[PDB]
Amino acid sequence: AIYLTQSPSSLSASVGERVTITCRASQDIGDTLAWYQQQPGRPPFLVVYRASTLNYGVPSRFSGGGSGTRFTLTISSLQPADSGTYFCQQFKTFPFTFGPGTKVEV
Amino acid sequence: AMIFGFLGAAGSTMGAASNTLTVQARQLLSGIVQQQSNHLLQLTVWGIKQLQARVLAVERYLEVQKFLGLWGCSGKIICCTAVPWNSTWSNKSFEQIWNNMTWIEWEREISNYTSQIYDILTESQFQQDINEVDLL
Amino acid sequence: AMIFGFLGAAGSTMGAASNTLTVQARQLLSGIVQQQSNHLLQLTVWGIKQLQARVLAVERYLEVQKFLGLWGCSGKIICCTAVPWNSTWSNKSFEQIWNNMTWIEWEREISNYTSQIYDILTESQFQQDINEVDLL
Amino acid sequence: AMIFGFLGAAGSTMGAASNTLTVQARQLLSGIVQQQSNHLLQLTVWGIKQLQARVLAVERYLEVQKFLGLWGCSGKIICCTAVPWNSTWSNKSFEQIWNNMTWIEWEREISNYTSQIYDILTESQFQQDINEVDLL
Amino acid sequence: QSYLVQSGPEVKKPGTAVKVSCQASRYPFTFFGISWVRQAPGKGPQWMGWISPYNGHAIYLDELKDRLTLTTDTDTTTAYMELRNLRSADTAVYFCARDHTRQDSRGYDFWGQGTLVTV
Ligand SMILES: *[C@@H]1O[C@H](CO)[C@@H](O[C@@H]2O[C@H](CO)[C@@H](O[C@@H]3O[C@H](CO[C@H]4O[C@H](CO[C@H]5O[C@H](CO)[C@@H](O)[C@H](O)[C@@H]5O)[C@@H](O)[C@H](O[C@H]5O[C@H](CO)[C@@H](O)[C@H](O)[C@@H]5O)[C@@H]4O)[C@@H](O)[C@H](O[C@H]4O[C@H](CO)[C@@H](O)[C@H](O)[C@@H]4O)[C@@H]3O)[C@H](O)[C@H]2NC(C)=O)[C@H](O)[C@H]1NC(C)=O
Ligand SMILES: *[C@@H]1O[C@H](CO)[C@@H](O[C@@H]2O[C@H](CO)[C@@H](O[C@@H]3O[C@H](CO[C@H]4O[C@H](CO[C@H]5O[C@H](CO)[C@@H](O)[C@H](O)[C@@H]5O)[C@@H](O)[C@H](O[C@H]5O[C@H](CO)[C@@H](O)[C@H](O)[C@@H]5O)[C@@H]4O)[C@@H](O)[C@H](O[C@H]4O[C@H](CO)[C@@H](O)[C@H](O)[C@@H]4O)[C@@H]3O)[C@H](O)[C@H]2NC(C)=O)[C@H](O)[C@H]1NC(C)=O
Ligand SMILES: *[C@@H]1O[C@H](CO)[C@@H](O[C@@H]2O[C@H](CO)[C@@H](O[C@@H]3O[C@H](CO[C@H]4O[C@H](CO[C@H]5O[C@H](CO)[C@@H](O)[C@H](O)[C@@H]5O)[C@@H](O)[C@H](O[C@H]5O[C@H](CO)[C@@H](O)[C@H](O)[C@@H]5O)[C@@H]4O)[C@@H](O)[C@H](O[C@H]4O[C@H](CO)[C@@H](O)[C@H](O)[C@@H]4O)[C@@H]3O)[C@H](O)[C@H]2NC(C)=O)[C@H](O)[C@H]1NC(C)=O
Ligand SMILES: *[C@@H]1O[C@H](CO[C@@H]2O[C@@H](C)[C@@H](O)[C@@H](O)[C@@H]2O)[C@@H](O[C@@H]2O[C@H](CO)[C@@H](O[C@@H]3O[C@H](CO[C@H]4O[C@H](CO[C@H]5O[C@H](CO)[C@@H](O)[C@H](O)[C@@H]5O)[C@@H](O)[C@H](O)[C@@H]4O)[C@@H](O)[C@H](O[C@H]4O[C@H](CO)[C@@H](O)[C@H](O)[C@@H]4O)[C@@H]3O)[C@H](O)[C@H]2NC(C)=O)[C@H](O)[C@H]1NC(C)=O
Ligand SMILES: *[C@@H]1O[C@H](CO)[C@@H](O[C@@H]2O[C@H](CO)[C@@H](O)[C@H](O)[C@H]2NC(C)=O)[C@H](O)[C@H]1NC(C)=O
Ligand SMILES: *[C@@H]1O[C@H](CO)[C@@H](O[C@@H]2O[C@H](CO)[C@@H](O)[C@H](O)[C@H]2NC(C)=O)[C@H](O)[C@H]1NC(C)=O
Ligand SMILES: *[C@@H]1O[C@H](CO)[C@@H](O)[C@H](O)[C@H]1NC(C)=O
Ligand SMILES: *[C@@H]1O[C@H](CO)[C@@H](O)[C@H](O)[C@H]1NC(C)=O
Ligand SMILES: *[C@@H]1O[C@H](CO)[C@@H](O)[C@H](O)[C@H]1NC(C)=O
Ligand SMILES: *[C@@H]1O[C@H](CO)[C@@H](O)[C@H](O)[C@H]1NC(C)=O
Ligand SMILES: *[C@@H]1O[C@H](CO)[C@@H](O)[C@H](O)[C@H]1NC(C)=O
Ligand SMILES: *[C@@H]1O[C@H](CO)[C@@H](O)[C@H](O)[C@H]1NC(C)=O
Ligand SMILES: *[C@@H]1O[C@H](CO)[C@@H](O)[C@H](O)[C@H]1NC(C)=O
């Protein structure tokens, strides 16, 4: 029963800056974390899995890292397509809980 | 977890199929062909067909054993080498191979570079022996 | 101490017979069957018998070499293993085996567990390779 | 420096010929004789000459492999031993062998002592296993 | 290859039972596991259960342990989900997600369009 807490709630953003999303954990999670990009009216889309690997078809500007309890999702060259909210999920405990979610303003 | 028979884990991923290597390896030379076979009895129609099978069973075993010797892997089920993986034969990550592929699917994927990989492995083992003679 | 011939130490205890292992091992594949053999000359009555004798000699040699590879003992006369002895196959002490028994008597005593022991030896070697891949 | 073909370095000295050992070793068991062979088709005139060519190609491979196992050199291209060189087989120095002689010339020089050397090599490996069993 | 399609929306009165089916096609159904998540309106996804279409083994969430059961069908390659004792707060979009890989997926590859149910 691990709870995922991620901050900040919102990110004021425009084109071309280092936007970072941090997802904390209440217990040792390891490298078993995933990031989902949800656009309006669309189901969540996996972008990063294992906290380091990039899903098929995602632009290389995305990146993730960290281990243990601290994780990040950084976009180097934010572009007008990276809208919507993001979620982090844990994949080691009996329930695979999600995170509250953060929205990027563009 | 249960033990499998011969080729029973052909449909499972590599991570699970690699735990049943001795099942296939134990049956490569031994068979019922080497029995006593119950008009020369060794020139009959099936006297010849048995003899050819015996020679075929020996060539198949020695064909694999020849490569194990050149690569320094004699007497090992899983042998580690000093040849770095080249990300042109395949650039799949750990989970995309050992958790998503079967040994049949993979060996078809790198089938174009098996000949190249074999030559490199032989050349690598040769360097280790060269580097050891002029080191001791 | 004197050198023995082929099977000259069959009647001596293990402690003295094990000092002549290379005498028996040196004669397993090489013999006069591979000569030049002084109406198809290779189809005569004694042209066929020589042929299958040549194939018989190879299979007998490869039948032992198959196990040495599985157990990890390739290239060894006496090979130590990591399999603990089980006091159900035999519970004789050191002096009751190496100073009181011949290799023929002993192999008959544990004849019921040779097949079981062979499987364990292969499984043991497999674990070492598994424990090495995920350790380096 | 260029790669050679099969036996392309037969005329070069040892120091340069030993850099092409994998070329000769790679062709000892594999050939076109193991093909499908395009009135029993395997009793014809060339149905037999092919069968005896397949058995011949196997004994030639196993004959060398038998000695590698006894000497503890299985799976190695160049294998080092613990047998000191005896200055009766040949007393030439380093420069008089590896910079002035070819492998064919040398193997004829020590041709009288190869059998003696083979037995010594086998006996030496036996002592290593004996000294290890009663040491651990 | 592979695509998961769910049923249409349902407007079920409180206290009733709702069954939603996610149909999988054009890929080996039994190889990859199926997960269900519900995105409460104006909220983030919540994980409910994971069902293996190979051996039927299922995993549930404690709050839904006694209320939710997942069943799988092989011949027509369809995944079913039934929920009983529908509280007023159960209104949410329901998704069926395919596992990333055949073993230790740690990710979801393909989703469904969603099935918003009102209670
Ligand atoms: C033919 O093909 C099919 C499909 O391709 C294939 O089926 C796969 O078989 C493999 C077997 O090798 C399965 O992998 C195993 O799965 C076991 C079950 O895992 C699930 O359940 C876990 C919790 O179960 C515990 O608790 C319940 C009670 O709730 C209890 O009954 C159980 O017995 C058990 O105690 C759960 O944790 C697990 O979650 C994993 O997977 C999800 C998604 O895959 C992932 O997101 C998680 O992060 C986590 O990794 C899953 O929900 C599992 O117990 C077992 O684990 C053992 O082995 C691994 C090997 O590494 C060890 O690390 C581990 O410590 C255990 O010892 C193993 O993971 C796989 O799930 C099947 N796939 C499907 C879709 O069903 C067949 O095998 C193929 N057959 C042939 C012959 O080819
Ligand atoms: C066919 O079967 C027969 C019978 O089964 C078998 O005969 C046995 O052959 C083995 C050879 O491997 C014999 O074992 C050897 O015995 C040697 C002689 O031991 C006796 O004499 C010792 C003293 O002798 C010294 O002094 C005398 C002068 O007094 C001198 O002439 C000698 O040359 C020598 O210098 C004595 O110490 C010894 O006592 C031992 O044995 C008794 C009883 O067994 C025991 O109670 C003692 O505690 C002690 O252990 C015995 O009285 C012996 O020299 C020789 O030792 C060498 O080898 C061992 C190997 O481990 C080394 O440890 C040791 O340091 C020496 O290098 C060895 O022990 C055995 O005795 C025969 N059995 C019988 C009944 O005669 C044949 O070999 C078989 N043949 C075939 C082909 O199968
Ligand atoms: C058939 O038989 C023939 C004859 O038996 C045989 O020919 C021999 O082939 C071997 C090849 O393995 C030759 O050995 C090589 O020789 C190279 C040339 O050496 C000479 O030139 C050196 C300087 O050259 C440099 O500078 C010039 C410009 O000035 C430039 O063009 C060159 O490319 C190079 O950059 C010179 O130093 C050298 O002196 C050596 O030899 C003399 C006399 O033997 C000795 O007294 C010296 O002390 C010194 O050792 C010579 O004058 C040479 O570059 C090459 O070196 C490489 O390999 C060695 C291997 O150990 C490395 O240590 C070294 O670092 C280099 O990497 C190598 O030594 C040999 O000279 C031939 N013999 C004759 C008589 O021509 C064929 O190979 C046979 N063919 C077959 C198929 O069997
Ligand atoms: C683990 O393995 C599974 C299974 O692997 C598959 O099965 C095994 C048995 C082997 O045969 C493998 O070789 C084989 O791949 C993996 O699942 C696959 O994942 C990929 C990537 O996600 C996925 O391909 C994407 O499909 C998306 C949705 O499908 C639409 O497009 C298809 C296209 O099909 C046409 O093209 C193929 C090949 O050219 C033809 O064979 C076929 O006949 C069609 O003509 C269409 O059929 C559907 O109806 C959908 O319309 C699709 O959006 C993607 O397109 C994008 O691809 C890249 C990104 O990868 C972008 O850059 C492009 O611009 C496109 O926008 C992909 O085509 C496969 O369908 C999955 N297969 C199955 C069976 O599920 C899984 O990914 C592996 N996990 C890992 C590696 O972690
Ligand atoms: C392995 O090599 C084969 C042979 O070169 C490749 O197959 C070719 O693929 C191209 C791609 O369109 C075709 O135009 C050729 O006609 C194919 N050749 C044959 C003989 O079919 C193959 O793509 C390579 N890769 C793999 C993974 O097999
Ligand atoms: C190797 O052994 C052969 C055979 O013993 C030696 O050849 C003999 O050499 C002497 C020396 O003059 C001759 O008298 C004998 O007639 C030779 N014997 C034969 C059968 O030809 C040879 O000298 C030894 N050494 C080498 C390097 O070969
Ligand atoms: C990988 O293999 C290709 C040919 O398949 C070769 O050209 C390339 O040099 C290799 N990579 C490295 C680092 O050598
Ligand atoms: C892996 O190689 C394939 C070539 O088939 C290429 O399409 C893909 O982009 C490569 N992926 C990475 C991460 O390099
Ligand atoms: C010894 O062998 C018997 C069967 O031969 C087996 O039942 C027993 O478990 C073995 N001993 C141990 C310690 O495993
Ligand atoms: C050894 O095993 C035998 C069974 O053949 C038994 O009779 C004997 O008592 C055992 N001895 C010891 C010391 O365990
Ligand atoms: C071996 O097995 C046979 C048959 O089960 C049995 O009669 C015999 O007592 C066992 N032991 C030995 C030493 O043969
Ligand atoms: C060298 O070999 C000869 C026989 O060719 C032998 O007489 C001599 O003892 C050997 N040298 C040594 C040091 O053993
Ligand atoms: C080497 O042996 C030969 C025997 O053919 C002998 O003539 C020569 O003097 C020996 N050289 C040395 C340095 O011992």
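None of the figures in this text is laboratory data; all of them are computed from the coordinates on show. Cβ coordinates were reconstructed from backbone atoms using ideal geometry, including for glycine residues, and neighbour counts include every protein chain displayed.
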(request) Assess whether D:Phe126 counts as being out of contact with any strand residue (DSSP E or B) (no Cβ under 8 Å at 6 or more places or on another chain), closer than 22 Å to C:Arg26 by Cα and either within 9 Å of another protein chain (Cβ to nearest Cβ) or within 16 Å of ligand 4 (Cβ to nearest atom) (or both). (result) yes
(message) I'd like to know if segment B:44-52 contains one or more residues that are within 21 Å of the chain's Cα centre (by Cα), more than 16 Å from ligand 4 (Cβ to nearest atom), surrounded by 14 or more Cβ atoms within 10 Å (Cβ to Cβ) and within 28 Å of D:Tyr61 (Cα to Cα).
(response) no
(message) Looking at C:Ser87, C:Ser115, C:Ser74, C:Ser93, can you tell me which residue is within 26 Å of D:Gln125 (Cβ to Cβ) and among the hydroxyl-bearing types (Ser, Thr, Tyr)?
(response) C:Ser74
(request) Please verify whether segment C:109-124 includes one or more residues that are closer than 30 Å to D:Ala57 by Cα and either among the aliphatic types (A, V, I, L, M) or assigned to a helix (DSSP H, G or I) (or both). (result) yes
(message) Can you find, within segment D:38-87, the residue that is nearest to C:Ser74 (Cα to Cα) among those that are outside any loop (DSSP other than H, G, I, E, B) and aromatic (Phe, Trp, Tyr)?
(response) D:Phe67
(message) If a residue counts only when it is of a type in the set (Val, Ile, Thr) and more than 14 Å from chain A (Cβ to nearest Cβ), which strands (runs of 3 or more DSSP E) contained entirely in segment E:11-119 have at least 1 such residues?
(response) E:17-25, E:68-73, E:78-84, E:115-118
(request) Name every residue in segment B:54-81 that is away from chain C (no Cβ under 11 Å) and either within 16 Å of ligand 7 (Cβ to nearest atom) or more than 19 Å from the chain's Cα centre (by Cα) (or both), in order of residue number. (result) B:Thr81
(request) Run down A:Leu78, A:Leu11, A:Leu4 and say which single residue is more than 21 Å from E:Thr101 (Cα to Cα) and in contact with a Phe, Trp or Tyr (Cβ under 8 Å, 6 or more places away or on another chain). (result) A:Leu4
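To keep it simple, each residue is scored yes or no on (1) among the basic types (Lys, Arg); (2) within 16 Å of ligand 2 (Cβ to nearest atom); (3) buried (at least 18 other Cβ atoms within 10 Å of the Cβ).
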{"site": "E:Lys43", "(1), (2), (3)": "yes, no, no"}
{"site": "E:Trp47", "(1), (2), (3)": "no, no, yes"}
{"site": "E:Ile59", "(1), (2), (3)": "no, no, no"}
{"site": "E:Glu63", "(1), (2), (3)": "no, no, no"}
{"site": "E:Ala79", "(1), (2), (3)": "no, no, yes"}
{"site": "E:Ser88", "(1), (2), (3)": "no, no, no"}
{"site": "E:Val93", "(1), (2), (3)": "no, no, yes"}
{"site": "E:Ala97", "(1), (2), (3)": "no, no, yes"}
{"site": "E:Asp109", "(1), (2), (3)": "no, no, yes"}
(request) Considering only segment B:1-26, state which residues are β-branched (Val, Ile, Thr) and within 12 Å of chain C (Cβ to nearest Cβ). (result) B:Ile3, B:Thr20, B:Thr22, B:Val23
(message) Could you go through segment B:98-109 and let me know if any residue there is away from ligand 6 (no atom under 16 Å from the Cβ), within 14 Å of chain C (Cβ to nearest Cβ), surrounded by 12 or more Cβ atoms within 10 Å (Cβ to Cβ) and within 21 Å of B:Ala25 (Cβ to Cβ).
(response) yes
(request) Provide a single number: the residues in segment D:55-95 that are more than 21 Å from C:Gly72 (Cβ to Cβ) and among the small types (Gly, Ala, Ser). (result) 5
(message) Within segment D:1-27, take every residue that is surrounded by 14 or more Cβ atoms within 10 Å (Cβ to Cβ) and hydrophobic (A, V, I, L, M, F, W, C) and give me the one that is nearest to ligand 13 (Cβ to nearest atom).
(response) D:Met14
(request) Give the residue, chosen from B:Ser93, B:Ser87, that is touching a strand residue (DSSP E or B) at 6+ places or on another chain (Cβ under 9 Å), closer than 30 Å to E:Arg98 by Cα and not charged (D, E, K, R). (result) B:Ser93
(message) Which count do you get for residues in segment C:110-136 that are of a type in the set (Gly, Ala, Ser), farther than 27 Å from C:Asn19 by Cα and loosely packed, with under 14 Cβ neighbours inside 10 Å?
(response) 0
(message) Based on this model, can you work out whether A:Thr85 counts as facing chain E (nearest Cβ under 10 Å) and either β-branched (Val, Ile, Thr) or within 16 Å of ligand 9 (Cβ to nearest atom) (or both)?
(response) yes
(message) Every residue in segment C:90-108 that is in a loop (DSSP other than H, G, I, E, B), within 16 Å of ligand 10 (Cβ to nearest atom) and touching a helix residue (DSSP H, G or I) at 6+ places or on another chain (Cβ under 7 Å), please.
(response) C:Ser90, C:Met101
(request) Please verify whether segment A:68-82 includes one or more residues that are within 10 Å of chain E (Cβ to nearest Cβ), farther than 21 Å from E:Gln113 by Cα and surrounded by fewer than 19 Cβ atoms within 10 Å (Cβ to Cβ). (result) no
(message) Just to be sure I understand, how many residues within segment B:27-37 are in a loop (DSSP other than H, G, I, E, B), more than 8 Å from every other protein chain (Cβ to nearest Cβ) and within 30 Å of B:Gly8 (Cβ to Cβ)?
(response) 3
(request) Tell me, yes or no, whether segment B:68-85 has at least one residue that is farther than 22 Å from D:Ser30 by Cα and within 16 Å of ligand 8 (Cβ to nearest atom). (result) yes
